[PDB]
Amino acid sequence: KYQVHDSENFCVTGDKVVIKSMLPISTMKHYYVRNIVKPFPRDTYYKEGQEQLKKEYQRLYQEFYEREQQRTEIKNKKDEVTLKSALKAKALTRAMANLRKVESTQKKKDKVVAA
Amino acid sequence: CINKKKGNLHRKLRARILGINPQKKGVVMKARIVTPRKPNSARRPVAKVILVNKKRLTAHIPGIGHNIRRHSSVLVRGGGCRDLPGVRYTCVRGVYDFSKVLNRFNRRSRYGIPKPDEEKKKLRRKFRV
Amino acid sequence: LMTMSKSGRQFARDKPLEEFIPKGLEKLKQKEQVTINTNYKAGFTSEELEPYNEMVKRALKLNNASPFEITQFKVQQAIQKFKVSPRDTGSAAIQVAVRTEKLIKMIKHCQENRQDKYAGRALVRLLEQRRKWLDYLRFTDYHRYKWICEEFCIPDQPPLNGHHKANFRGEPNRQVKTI
RNA sequence: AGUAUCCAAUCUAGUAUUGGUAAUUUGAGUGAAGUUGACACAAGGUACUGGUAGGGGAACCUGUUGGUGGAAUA
RNA sequence: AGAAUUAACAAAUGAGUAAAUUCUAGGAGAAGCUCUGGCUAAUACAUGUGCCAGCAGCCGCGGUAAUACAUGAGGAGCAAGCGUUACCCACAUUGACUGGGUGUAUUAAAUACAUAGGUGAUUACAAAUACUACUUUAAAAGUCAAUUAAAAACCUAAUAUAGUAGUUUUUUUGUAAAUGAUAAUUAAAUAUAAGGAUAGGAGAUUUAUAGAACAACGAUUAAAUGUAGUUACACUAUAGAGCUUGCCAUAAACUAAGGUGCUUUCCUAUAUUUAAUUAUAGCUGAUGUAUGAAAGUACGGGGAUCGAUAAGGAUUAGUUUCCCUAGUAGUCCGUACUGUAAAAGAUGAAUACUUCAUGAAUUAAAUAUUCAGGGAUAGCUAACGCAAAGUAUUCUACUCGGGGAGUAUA
RNA sequence: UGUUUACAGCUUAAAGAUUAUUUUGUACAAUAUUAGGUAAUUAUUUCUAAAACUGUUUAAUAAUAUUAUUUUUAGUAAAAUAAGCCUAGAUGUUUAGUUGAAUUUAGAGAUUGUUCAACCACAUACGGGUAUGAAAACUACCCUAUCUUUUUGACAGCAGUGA
RNA sequence: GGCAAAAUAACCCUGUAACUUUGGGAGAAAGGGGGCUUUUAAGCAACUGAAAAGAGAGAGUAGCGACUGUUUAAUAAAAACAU
Ligand SMILES: [Mg+2]
Ligand SMILES: [Mg+2]
Ligand SMILES: [Mg+2]
Ligand SMILES: [Mg+2]
Ligand SMILES: [Mg+2]
Ligand SMILES: [Mg+2]
Ligand SMILES: [Mg+2]
Ligand SMILES: [Mg+2]
Ligand SMILES: [Mg+2]
Ligand SMILES: [Mg+2]
Ligand SMILES: [Mg+2]
Ligand SMILES: [Mg+2]
Ligand SMILES: [Mg+2]
Ligand SMILES: [Mg+2]
Ligand SMILES: [Mg+2]
Ligand SMILES: [Mg+2]
Ligand SMILES: [Mg+2]
Ligand SMILES: [Mg+2]
Ligand SMILES: [Mg+2]
Ligand SMILES: [Mg+2]
Ligand SMILES: [Mg+2]
Ligand SMILES: [Mg+2]
Ligand SMILES: [Mg+2]
Ligand SMILES: [Mg+2]
Ligand SMILES: [Mg+2]
Ligand SMILES: [Mg+2]
Ligand SMILES: [Mg+2]
Ligand SMILES: [Mg+2]
Ligand SMILES: [Mg+2]
Ligand SMILES: [Mg+2]
Ligand SMILES: [Mg+2]
Ligand SMILES: [Mg+2]
Ligand SMILES: [Mg+2]
Ligand SMILES: [Mg+2]
Ligand SMILES: [Mg+2]
Ligand SMILES: [Mg+2]
Ligand SMILES: [Mg+2]
Ligand SMILES: [Mg+2]
Ligand SMILES: [Mg+2]
Ligand SMILES: [Mg+2]
Ligand SMILES: [Mg+2]
Ligand SMILES: [Mg+2]
Ligand SMILES: [Mg+2]
Ligand SMILES: [Mg+2]
Ligand SMILES: [Mg+2]
Ligand SMILES: [Mg+2]
Ligand SMILES: [Mg+2]
Ligand SMILES: [Mg+2]
Ligand SMILES: [Mg+2]
Ligand SMILES: [Mg+2]
Ligand SMILES: [Mg+2]
Ligand SMILES: [Mg+2]
Ligand SMILES: [Mg+2]
Ligand SMILES: [Mg+2]
Ligand SMILES: [Mg+2]
Ligand SMILES: [Mg+2]
């Protein structure tokens with residue numbers, strides 16, 4: 001197995017292809033593509049068919065950076081990532097709950113102001 | 001195999017304590033006598049050894065008469081005696097503390113006998129041919 | 001069987017692949033009841049039956065039929081769609097569809113009768129055999145692969161081998177041994 | 001020059017892992033003309049034996065399933 | 001053996017030295033070592049010794065008759081070596097590409113699906129490759145069959161890789177307005193002691209109730225222990241329970257194995273045949289997934305039969321035990337673990353072809369063959385034996401003497 | 001402010017030879033009584049820093065009005081996004097210098113990796129670090145540490161001695 | 001007889017063994033931190049900083065009893081009693 005540099009992001013799996021040696025621009029990439037020998041069909045015709053939270057999101061970020069930085073520092077990138085990806089779902093279902101209250105509070109006025 | 005760490009490891013060595021070496025020196029603690037198996041019957045002499053590597057051992061005495069006692073430095077051959085058990089090694093004569101077998105003038109190489117002064121008639125050409 | 005395992009080996013922790021999209025089973029079950037309530041048996045049409053009486057229709061009606069007969073309609077209902085030529089029965093597009101209708105039954109049979117160990121071994125074969133024809137059909141008629149997986153609620157996961165060994169494998173490259 | 005950061009040796013502690021040594025204990029092979037008994041090869045005098053469970057001066061005995069590496073019965 | 005001279009490595013300078021030349025004497029002036037029973041060429045010679053002393057690479061010698069020990073003679077072989085030890089290679093098909101074996105010779109793991117990987121149908125066509133000849137690279141040293149019959153030397157070949165020419169007598173890869181073994185699907189037909197579930201029947205055994213006022217029954221080579229004396233055993237009737245599923249039964253029944261058999265229905269699975277359809281998707285197969293008799297374990301239920309342990313009876317025996325009475329766990333079902341065996345056809349999976357007799361079965365004017373071991377033989381095999389364990393091809397695994405040992409340790 | 005075609009020696013630039021360093025593929029021991037390992041880790045983009053600056057025209061690029069754009073190395077003691085990479089015996093343990101090749105062999109192969117030669121490594125220590133130079137640490141130099149005799153020194157340089 | 005005394009002392013963070021009835025052991029052990037500045041400083045700090053006061057010493061290994069508990073008011077609170 002090798003990893004190859006495609007500039008146009010043009011190839012898919014079944015496309016059979018010649019590859020050639022290049023000096024390493026990155027680690028584990030010392031090959032690039034020269035030519036497709038046999039194509040494999042694409043998924044373009046099917047791909048064409050396929051907001052208030054932004055105030056929810058930007059708070060939840062600032063919540064944990066204030067907490068985490070005080071409690072536990074940079075030491076390991078694994079901690080830096082395994083937290084965030086695992087903390088947001090814990091945060092979003094609590095931040096969705098912050099906005100679901102908005103639909104509740106506005107109507108409880110109208111119910112009390114009207115009658 | 002674990003004592004052996006060269007060549008065909010699948011081969012069981014023919015002298016395990018002595019190992020890869022061809023010979024090894026040791027010191028006697030005590031002499032003994034051992035009987036052979038049932039088809040034969042005799043009293044074959046035996047000579048314990050502690051080796052320089054600190055390993056107990058038994059060994060054979062081919063010569064008829066022998067100088068062996070306690071605290072005697074000896075050299076092992078590795079061959080062995082057949083009828084006896086545990087005597088698959090054998091000592092060498094003509095070395096540090098053994099003695100050439102005596103009243104003997106045949107097979108003068110196994111037992112360490114030098115050549116007598118009668119049979120030899122001429123000297124080596126490095127001096128007075 | 002096939003699992004998410006990018007290396008040559010196949011571990012315990014590696015998970016099996018997904019048979020259906022989320023909520024794929026229930027959607028298909030709903031489609032059946034719609035058919036079962038408004039259809040007749042496979043060979044017969046409504047047009048042939050309009051002179052005859054209701055007592056003749058209710059017998060031929062598919063409510064009263066057996067599940068072995070409920071499929072035969074669904075299979076021929078698919079063959080008219082996913083065929084290449086007339087009187088087609090064995091092409092790849094149909095062969096996948098047959099196993100999808102069986103999985104609906106084997107699961108019902110296995111969730112209920114859990115001790116039928118011979119059936120538990122039979123699922124593993126259906127999935128594997130489905131997993132082959134499901135791949136061989138990508139390779140040949142890719143624009144029919146997608147027209148199937150939508151209907152039967154199947155995910156579009158390519159093979160990890162990349163169709164390497166069936167397609168145009170040749171001239172495999174030269175290197176030298178030394179020491 | 002020098003402040004402050006980074007870093008090595010040595011030392012301390014415990015933990016992890018692998019080896020060396022020991023009071024004491026235990027197993028195996030081997031040798032020989034030993035004692036007790038007679039398990040085994042014949043249907044070995046109650047057919048042997050595998051897997052298993054229990055029992056038990058020893059070799060062994062019994063149940064439960066399997067096999068023939070057992071004879072015998074016309 | 002002794003003595004002398006020169007060349008050349010510096011046509012100015014040599015440390016040291018010719019596998020060069022000549023001269024004189026004299027006439028091999030250099031021999032040991034192993035062995036003497038067989039393998040192994042060499043003595044039935046002599047003496048003493050007496051399973052002692054001792055030899056011994058392997059087999060094995062020695063018990064008063066020693067070609068095997070020790071003494072002596074004679075005799076054989078190798079030779080500036082001979083012999084011993086230790087390790088490695090060959091001889092060895094003793095580690096199997098060349099080149100094995102795997103039914104019984106301490107060798108196919110219990111079994112099947114399946115991944116990586118390996119492997120593989122027809123024709124036509126292209127392209128490339130193999131094979132042949134030439135050529136590229138692969139340090140020298142070293143090896144190497146150097147050649148005009150020549151020593152002090154400089155084989156250019158092999159193998160591998162890239163590349164050219166010849167395309168004819170090989171193969172691979174792949175594509176076709178393609179054909180179409182195999183595997184699979186559909187429709188029809190037929191078969192299944194294959195698996196699970198629902199419903200229902202049947203059988204004996206056992207308990208209970210009732211009836212009847214008999215006194216013994218049951219076990220055993222025999223006997224006792226034991227049950228009852230107011231019917232217990234036994235017979236008849238009625239009901240209930242747990243377990244099991246008669247004849248059909250057979251080699252020619254099924255399935256991956258374990259293993260499985262009363263009827264009905266649904267689901268699941270396998271197989272055979274024709275027609276149509278798709279057109280190599282197939283065959284194999286570490287890791288891995290899943291199954292896996294019986295005994296046994298936990299919880300719960302059920303609890304008739306058989307029946308470990310322990311008890312008793314006896315006998316023969318001096319013990320223990322095989323026999324007998326009674327009978328606990330268990331034996332059965334559900335949930336889950338456990339994951340072993342002589343797990344067997346002691347034979348890895350698949351394809352093609354192959355004998356004679358005897359015999360089982362469809363049933364054919366749509367369609368023609370399948371099967372068996374209870375016989376023998378070709379061929380193979382150490383032999384007994386097998387119609388595959390045979391002929392041919394494809395993939396995987398195990399196997400480096402035995403004890404220790406399927407044990408220790410982790 | 002003698003002559004640099006009188007001889008020697010030195011400086012600077014270019015062209016080329018050679019050398020040093022940097023890059024990849026395959027080959028490369030046993031073991032599962034070791035199976036999860038990696039965490040600036042895997043990929044892109046960006047930022048910073050060093051590389052001589054500015055303009056003119058042309059080409060080319062995407063839209064197209066014609067303006068704008070055009071490169072390489074290093075750093076996570078720079079940051080962001082997305083989540084990947086190795087596991088087709090990663091990692092871990094043990095053993096070991098690799099090779100040409102030597103012994104053997106009909107041939108394939110097996111065992112070894114001594115002499116000489118190539119490459120790599122070490123130079124009391126599996127140690128830390130610098131200056132010069134086209135290239136270094138081998139008898140260089142500084143520090144720590146071990147051992148030893150003189151504040152030196154480490155004979156795996158030749159010869160030699162002990163063990 | 002280290003009895004008494006001394007020492008440890010709350011809160012936050014890192015980290016945490018054998019054994020185990022898988023609950024626990026465990027607050028295990030071990031170690032660190034608390035200010036001012038202006039800039040986020042590869043900055044400062046001139047005995048003593050939760051500034052004074054207040055709050056656990058920890059580990060290793062045997063014997064009896066399972067545990068919480070109860071008891072001889074006025075010399076015995078334990079291996080005894082209970083459970
Ligand atoms: Mg001891
Ligand atoms: Mg006997
Ligand atoms: Mg017997
Ligand atoms: Mg006994
Ligand atoms: Mg027998
Ligand atoms: Mg000269
Ligand atoms: Mg002369
Ligand atoms: Mg002879
Ligand atoms: Mg005599
Ligand atoms: Mg060989
Ligand atoms: Mg088998
Ligand atoms: Mg198998
Ligand atoms: Mg495959
Ligand atoms: Mg060469
Ligand atoms: Mg009665
Ligand atoms: Mg079966
Ligand atoms: Mg059971
Ligand atoms: Mg129970
Ligand atoms: Mg059999
Ligand atoms: Mg069986
Ligand atoms: Mg077997
Ligand atoms: Mg053969
Ligand atoms: Mg054979
Ligand atoms: Mg036969
Ligand atoms: Mg047959
Ligand atoms: Mg065979
Ligand atoms: Mg063995
Ligand atoms: Mg054995
Ligand atoms: Mg066992
Ligand atoms: Mg074990
Ligand atoms: Mg231990
Ligand atoms: Mg060769
Ligand atoms: Mg070397
Ligand atoms: Mg040397
Ligand atoms: Mg040298
Ligand atoms: Mg030194
Ligand atoms: Mg050098
Ligand atoms: Mg020296
Ligand atoms: Mg105190
Ligand atoms: Mg105090
Ligand atoms: Mg805690
Ligand atoms: Mg805890
Ligand atoms: Mg603490
Ligand atoms: Mg504690
Ligand atoms: Mg502390
Ligand atoms: Mg305070
Ligand atoms: Mg406290
Ligand atoms: Mg307190
Ligand atoms: Mg104690
Ligand atoms: Mg007590
Ligand atoms: Mg208490
Ligand atoms: Mg208390
Ligand atoms: Mg009180
Ligand atoms: Mg009191
Ligand atoms: Mg008190
Ligand atoms: Mg008490």
# chains A, B, ... in the order shown; residues from 1 in each chain; ligands from 1

call {"tool": "residues_near_ligand", "arguments": {"ligand": "ligand 7", "cutoff": "10 Å", "atoms": "only C-alpha atoms (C1' of nucleotides) and all ligand atoms", "output": "ChimeraX atom specification"}}
result
/E:23-27

call {"tool": "residues_around", "arguments": {"residues": "residue C:105", "least_positions_apart": "4", "cutoff": "12 Å", "atoms": "only C-alpha atoms (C1' of nucleotides)", "output": "PDB file with N, CA and C atoms (P, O5', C5', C4', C3', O3' and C1' of nucleotides), in the first residue's frame"}}
result
ATOM      1  N   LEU C  25     -35.017  -1.485   7.612  1.00  0.00           N
ATOM      2  CA  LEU C  25     -35.902  -2.632   7.770  1.00  0.00           C
ATOM      3  C   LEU C  25     -37.358  -2.201   7.805  1.00  0.00           C
ATOM      4  N   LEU C  28     -39.114  -1.108   4.587  1.00  0.00           N
ATOM      5  CA  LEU C  28     -39.425  -2.210   3.690  1.00  0.00           C
ATOM      6  C   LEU C  28     -40.626  -2.991   4.192  1.00  0.00           C
ATOM      7  N   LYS C  29     -40.724  -3.161   5.508  1.00  0.00           N
ATOM      8  CA  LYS C  29     -41.876  -3.835   6.085  1.00  0.00           C
ATOM      9  C   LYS C  29     -43.158  -3.077   5.782  1.00  0.00           C
ATOM     10  N   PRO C  67     -46.149 -16.733   3.213  1.00  0.00           N
ATOM     11  CA  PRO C  67     -44.993 -15.871   2.937  1.00  0.00           C
ATOM     12  C   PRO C  67     -44.133 -16.374   1.802  1.00  0.00           C
ATOM     13  N   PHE C  68     -44.105 -17.684   1.567  1.00  0.00           N
ATOM     14  CA  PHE C  68     -43.402 -18.196   0.401  1.00  0.00           C
ATOM     15  C   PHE C  68     -44.039 -17.704  -0.888  1.00  0.00           C
ATOM     16  N   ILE C  70     -45.811 -14.683  -0.836  1.00  0.00           N
ATOM     17  CA  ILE C  70     -45.756 -13.231  -0.773  1.00  0.00           C
ATOM     18  C   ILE C  70     -44.499 -12.723  -1.455  1.00  0.00           C
ATOM     19  N   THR C  71     -43.426 -13.512  -1.431  1.00  0.00           N
ATOM     20  CA  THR C  71     -42.192 -13.099  -2.085  1.00  0.00           C
ATOM     21  C   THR C  71     -42.318 -13.168  -3.595  1.00  0.00           C
ATOM     22  N   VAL C  98     -33.153 -10.836  -4.385  1.00  0.00           N
ATOM     23  CA  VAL C  98     -33.702 -12.046  -3.792  1.00  0.00           C
ATOM     24  C   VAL C  98     -33.235 -12.197  -2.354  1.00  0.00           C
ATOM     25  N   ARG C  99     -31.974 -11.871  -2.083  1.00  0.00           N
ATOM     26  CA  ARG C  99     -31.460 -12.076  -0.738  1.00  0.00           C
ATOM     27  C   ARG C  99     -32.037 -11.052   0.224  1.00  0.00           C
ATOM     28  N   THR C 100     -32.323  -9.845  -0.262  1.00  0.00           N
ATOM     29  CA  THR C 100     -32.926  -8.834   0.592  1.00  0.00           C
ATOM     30  C   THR C 100     -34.305  -9.253   1.069  1.00  0.00           C
ATOM     31  N   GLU C 101     -35.049  -9.973   0.235  1.00  0.00           N
ATOM     32  CA  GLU C 101     -36.363 -10.445   0.640  1.00  0.00           C
ATOM     33  C   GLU C 101     -36.259 -11.620   1.596  1.00  0.00           C
ATOM     34  N   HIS C 109     -37.309 -15.083  11.527  1.00  0.00           N
ATOM     35  CA  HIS C 109     -37.197 -16.464  11.973  1.00  0.00           C
ATOM     36  C   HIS C 109     -36.160 -16.627  13.071  1.00  0.00           C
ATOM     37  N   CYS C 110     -35.108 -15.817  13.054  1.00  0.00           N
ATOM     38  CA  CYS C 110     -34.016 -15.993  13.998  1.00  0.00           C
ATOM     39  C   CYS C 110     -34.215 -15.194  15.274  1.00  0.00           C
ATOM     40  N   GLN C 111     -34.823 -14.009  15.188  1.00  0.00           N
ATOM     41  CA  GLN C 111     -35.200 -13.300  16.405  1.00  0.00           C
ATOM     42  C   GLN C 111     -36.150 -14.128  17.252  1.00  0.00           C
ATOM     43  N   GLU C 112     -36.999 -14.921  16.607  1.00  0.00           N
ATOM     44  CA  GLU C 112     -38.037 -15.672  17.295  1.00  0.00           C
ATOM     45  C   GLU C 112     -37.505 -17.023  17.752  1.00  0.00           C
ATOM     46  N   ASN C 113     -37.032 -17.824  16.803  1.00  0.00           N
ATOM     47  CA  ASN C 113     -36.443 -19.129  17.075  1.00  0.00           C
ATOM     48  C   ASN C 113     -34.935 -18.933  17.147  1.00  0.00           C
ATOM     49  N   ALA C 119     -29.821 -22.007  11.232  1.00  0.00           N
ATOM     50  CA  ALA C 119     -30.200 -20.755  10.590  1.00  0.00           C
ATOM     51  C   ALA C 119     -29.177 -19.662  10.859  1.00  0.00           C
ATOM     52  N   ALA C 122     -26.778 -19.677   8.421  1.00  0.00           N
ATOM     53  CA  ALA C 122     -27.287 -19.399   7.090  1.00  0.00           C
ATOM     54  C   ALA C 122     -27.329 -17.911   6.802  1.00  0.00           C
ATOM     55  N   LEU C 123     -27.568 -17.092   7.825  1.00  0.00           N
ATOM     56  CA  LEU C 123     -27.454 -15.649   7.659  1.00  0.00           C
ATOM     57  C   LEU C 123     -26.073 -15.276   7.155  1.00  0.00           C
ATOM     58  N   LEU C 126     -25.825 -15.772   3.466  1.00  0.00           N
ATOM     59  CA  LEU C 126     -26.621 -14.838   2.675  1.00  0.00           C
ATOM     60  C   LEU C 126     -25.941 -13.486   2.588  1.00  0.00           C
TER      61      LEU C 126
ATOM     62  P     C E 267     -44.058 -21.572   4.400  1.00  0.00           P
ATOM     63  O5'   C E 267     -42.869 -21.235   5.401  1.00  0.00           O
ATOM     64  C5'   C E 267     -42.701 -19.910   5.870  1.00  0.00           C
ATOM     65  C4'   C E 267     -41.572 -19.778   6.861  1.00  0.00           C
ATOM     66  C3'   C E 267     -40.192 -20.184   6.385  1.00  0.00           C
ATOM     67  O3'   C E 267     -39.578 -19.212   5.565  1.00  0.00           O
ATOM     68  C1'   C E 267     -40.562 -21.071   8.524  1.00  0.00           C
ATOM     69  P     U E 268     -38.628 -19.660   4.354  1.00  0.00           P
ATOM     70  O5'   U E 268     -37.413 -20.378   5.085  1.00  0.00           O
ATOM     71  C5'   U E 268     -36.597 -19.638   5.972  1.00  0.00           C
ATOM     72  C4'   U E 268     -35.497 -20.472   6.579  1.00  0.00           C
ATOM     73  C3'   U E 268     -34.666 -21.298   5.619  1.00  0.00           C
ATOM     74  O3'   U E 268     -33.712 -20.542   4.898  1.00  0.00           O
ATOM     75  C1'   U E 268     -35.213 -22.599   7.500  1.00  0.00           C
TER      76        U E 268
END

call {"tool": "interface_residues", "arguments": {"of": "chain A", "to": "chain F", "cutoff": "6 Å", "atoms": "only C-alpha atoms (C1' of nucleotides)", "output": "JSON, numbers by chain"}}
result
{"A": [23, 77, 78]}

call {"tool": "write_last_selection", "arguments": {"atoms": "C-alpha atoms", "output": "PDB file, in the first residue's frame"}}
result
ATOM      1  CA  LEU A  23      10.714  13.345  -3.534  1.00  0.00           C
ATOM      2  CA  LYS A  77      -2.806  16.388  21.752  1.00  0.00           C
ATOM      3  CA  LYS A  78      -4.894  13.265  22.314  1.00  0.00           C
TER       4      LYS A  78
END

call {"tool": "atom_distance", "arguments": {"atom1": "atom CA of residue B:4", "atom2": "atom CA of residue B:21"}}
result
11.3 Å

call {"tool": "residues_near_ligand", "arguments": {"ligand": "ligand 51", "cutoff": "10 Å", "atoms": "only C-alpha atoms (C1' of nucleotides) and all ligand atoms", "output": "PDB file with N, CA, C and O atoms (P, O5', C5', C4', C3', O3' and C1' of nucleotides), in the first residue's frame"}}
result
ATOM      1  P     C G  64      -5.855 -17.022  64.899  1.00  0.00           P
ATOM      2  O5'   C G  64      -6.723 -16.125  65.879  1.00  0.00           O
ATOM      3  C5'   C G  64      -6.816 -16.478  67.246  1.00  0.00           C
ATOM      4  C4'   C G  64      -7.839 -15.658  67.988  1.00  0.00           C
ATOM      5  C3'   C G  64      -9.189 -15.509  67.319  1.00  0.00           C
ATOM      6  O3'   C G  64     -10.027 -16.634  67.495  1.00  0.00           O
ATOM      7  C1'   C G  64      -8.474 -13.413  68.106  1.00  0.00           C
ATOM      8  P     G G  65     -11.221 -16.898  66.458  1.00  0.00           P
ATOM      9  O5'   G G  65     -12.082 -15.562  66.499  1.00  0.00           O
ATOM     10  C5'   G G  65     -12.950 -15.314  67.589  1.00  0.00           C
ATOM     11  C4'   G G  65     -13.624 -13.967  67.501  1.00  0.00           C
ATOM     12  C3'   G G  65     -14.589 -13.757  66.349  1.00  0.00           C
ATOM     13  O3'   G G  65     -15.868 -14.316  66.563  1.00  0.00           O
ATOM     14  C1'   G G  65     -13.171 -11.892  66.529  1.00  0.00           C
ATOM     15  P     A G  66     -16.649 -15.022  65.352  1.00  0.00           P
ATOM     16  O5'   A G  66     -16.282 -14.140  64.080  1.00  0.00           O
ATOM     17  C5'   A G  66     -17.077 -13.027  63.708  1.00  0.00           C
ATOM     18  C4'   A G  66     -16.353 -12.142  62.724  1.00  0.00           C
ATOM     19  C3'   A G  66     -16.646 -10.660  62.797  1.00  0.00           C
ATOM     20  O3'   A G  66     -16.074  -9.992  63.903  1.00  0.00           O
ATOM     21  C1'   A G  66     -16.629 -11.319  60.556  1.00  0.00           C
ATOM     22  P     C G  67     -16.942  -8.887  64.679  1.00  0.00           P
ATOM     23  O5'   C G  67     -17.234  -7.786  63.573  1.00  0.00           O
ATOM     24  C5'   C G  67     -16.167  -7.111  62.935  1.00  0.00           C
ATOM     25  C4'   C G  67     -16.646  -6.220  61.816  1.00  0.00           C
ATOM     26  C3'   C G  67     -17.427  -4.990  62.227  1.00  0.00           C
ATOM     27  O3'   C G  67     -16.604  -3.942  62.685  1.00  0.00           O
ATOM     28  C1'   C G  67     -18.529  -6.052  60.451  1.00  0.00           C
ATOM     29  P     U G  68     -16.888  -3.270  64.111  1.00  0.00           P
ATOM     30  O5'   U G  68     -18.241  -2.477  63.887  1.00  0.00           O
ATOM     31  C5'   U G  68     -18.309  -1.495  62.876  1.00  0.00           C
ATOM     32  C4'   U G  68     -19.587  -0.698  62.932  1.00  0.00           C
ATOM     33  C3'   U G  68     -20.063  -0.276  64.310  1.00  0.00           C
ATOM     34  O3'   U G  68     -19.381   0.854  64.831  1.00  0.00           O
ATOM     35  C1'   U G  68     -21.870  -1.157  63.101  1.00  0.00           C
ATOM     36  P     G G  69     -18.921   0.877  66.372  1.00  0.00           P
ATOM     37  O5'   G G  69     -20.189   0.320  67.147  1.00  0.00           O
ATOM     38  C5'   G G  69     -21.342   1.128  67.278  1.00  0.00           C
ATOM     39  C4'   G G  69     -22.523   0.358  67.824  1.00  0.00           C
ATOM     40  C3'   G G  69     -22.516   0.074  69.315  1.00  0.00           C
ATOM     41  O3'   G G  69     -22.968   1.179  70.077  1.00  0.00           O
ATOM     42  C1'   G G  69     -23.009  -1.907  68.162  1.00  0.00           C
ATOM     43  P     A G  78     -10.967  -0.886  73.937  1.00  0.00           P
ATOM     44  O5'   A G  78     -10.438  -2.377  73.867  1.00  0.00           O
ATOM     45  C5'   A G  78     -11.222  -3.368  73.227  1.00  0.00           C
ATOM     46  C4'   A G  78     -10.834  -4.756  73.652  1.00  0.00           C
ATOM     47  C3'   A G  78     -11.625  -5.896  73.030  1.00  0.00           C
ATOM     48  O3'   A G  78     -11.130  -6.263  71.748  1.00  0.00           O
ATOM     49  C1'   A G  78     -11.410  -6.230  75.369  1.00  0.00           C
ATOM     50  P     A G  79     -12.106  -6.589  70.507  1.00  0.00           P
ATOM     51  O5'   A G  79     -11.904  -8.147  70.269  1.00  0.00           O
ATOM     52  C5'   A G  79     -12.223  -9.037  71.318  1.00  0.00           C
ATOM     53  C4'   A G  79     -11.971 -10.484  71.000  1.00  0.00           C
ATOM     54  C3'   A G  79     -12.586 -11.449  72.014  1.00  0.00           C
ATOM     55  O3'   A G  79     -13.090 -12.622  71.383  1.00  0.00           O
ATOM     56  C1'   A G  79     -10.245 -11.757  71.945  1.00  0.00           C
TER      57        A G  79
END

call {"tool": "residues_near_ligand", "arguments": {"ligand": "ligand 56", "cutoff": "8 Å", "atoms": "only C-alpha atoms (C1' of nucleotides) and all ligand atoms", "output": "list in words"}}
result
residues 80, 81 and 82 of chain G

call {"tool": "interface_residues", "arguments": {"of": "chain D", "to": "chain B", "cutoff": "12 Å", "atoms": "only C-alpha atoms (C1' of nucleotides)", "output": "ChimeraX atom specification"}}
result
/D:29-33

call {"tool": "write_last_selection", "arguments": {"atoms": "C-alpha atoms (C1' of nucleotides)", "output": "PDB file, in the first residue's frame"}}
result
ATOM      1  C1'   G D  29      14.730 -40.729  34.972  1.00  0.00           C
ATOM      2  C1'   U D  30      18.398 -44.560  35.870  1.00  0.00           C
ATOM      3  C1'   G D  31      20.804 -48.864  38.330  1.00  0.00           C
ATOM      4  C1'   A D  32      20.613 -53.598  41.135  1.00  0.00           C
ATOM      5  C1'   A D  33      19.182 -60.837  41.654  1.00  0.00           C
TER       6        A D  33
END

call {"tool": "interface_residues", "arguments": {"of": "chain C", "to": "chain F", "cutoff": "9 Å", "atoms": "only C-alpha atoms (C1' of nucleotides)", "output": "VMD selection string"}}
result
chain C and resid 6 to 9 175 to 179

call {"tool": "write_last_selection", "arguments": {"atoms": "N, CA and C atoms", "output": "compact mmCIF listing (two decimals), in the first residue's frame"}}
result
# COMPACT_ATOMS: atom_id res chain seq x y z
N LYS C 6 -8.68 -2.54 7.43
CA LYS C 6 -7.90 -2.02 6.32
C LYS C 6 -6.65 -2.83 6.06
N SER C 7 -6.15 -3.57 7.04
CA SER C 7 -4.99 -4.41 6.84
C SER C 7 -5.40 -5.76 6.27
N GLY C 8 -4.40 -6.59 6.00
CA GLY C 8 -4.65 -7.92 5.48
C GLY C 8 -5.36 -8.83 6.44
N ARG C 9 -5.27 -8.55 7.74
CA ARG C 9 -5.79 -9.42 8.77
C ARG C 9 -7.15 -8.95 9.25
N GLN C 175 10.42 -6.72 -9.28
CA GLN C 175 11.46 -6.42 -8.31
C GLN C 175 12.37 -7.64 -8.20
N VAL C 176 13.44 -7.49 -7.43
CA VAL C 176 14.50 -8.48 -7.35
C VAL C 176 14.75 -8.85 -5.90
N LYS C 177 15.07 -10.11 -5.68
CA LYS C 177 15.52 -10.61 -4.39
C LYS C 177 17.04 -10.68 -4.34
N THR C 178 17.59 -10.37 -3.18
CA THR C 178 19.01 -10.51 -2.91
C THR C 178 19.17 -10.98 -1.47
N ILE C 179 20.43 -11.15 -1.06
CA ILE C 179 20.82 -11.65 0.26
C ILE C 179 19.94 -12.79 0.77
